[PDB]
């Protein structure tokens, strides 16, 4: 996956939601430093942490699979 796909994904939909990164962190119940790191392109974020951020922004994850058709 592109290195800044999720970075811009979180930033765009957070700015479009009017949330600061402190408000998005408080809503997701995660650390403030996590929002900074994600939007900077860092991918060492734990997934249960990332999903708590995505749900506040109403973004869900689909896995496209090689089979079946």
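Residue numbers count along the first chain shown, from 1.
Third of the chain, ranked by Cα B-factor, where residue 1 sits: Highest third - that is where residue 1 ends up once the chain's C-alpha B-factors are sorted.
Cα B factor band for residue 54 (lowest, middle or highest third within the chain): Lowest third - that is where residue 54 ends up once the chain's C-alpha B-factors are sorted.
Chain-relative CA temperature factor third for residue 26: It falls in the middle third of the chain.
Chain third (lowest, middle, highest) by recorded CA B-factor, residue given as residue 45: Middle third - that is where residue 45 ends up once the chain's C-alpha B-factors are sorted.
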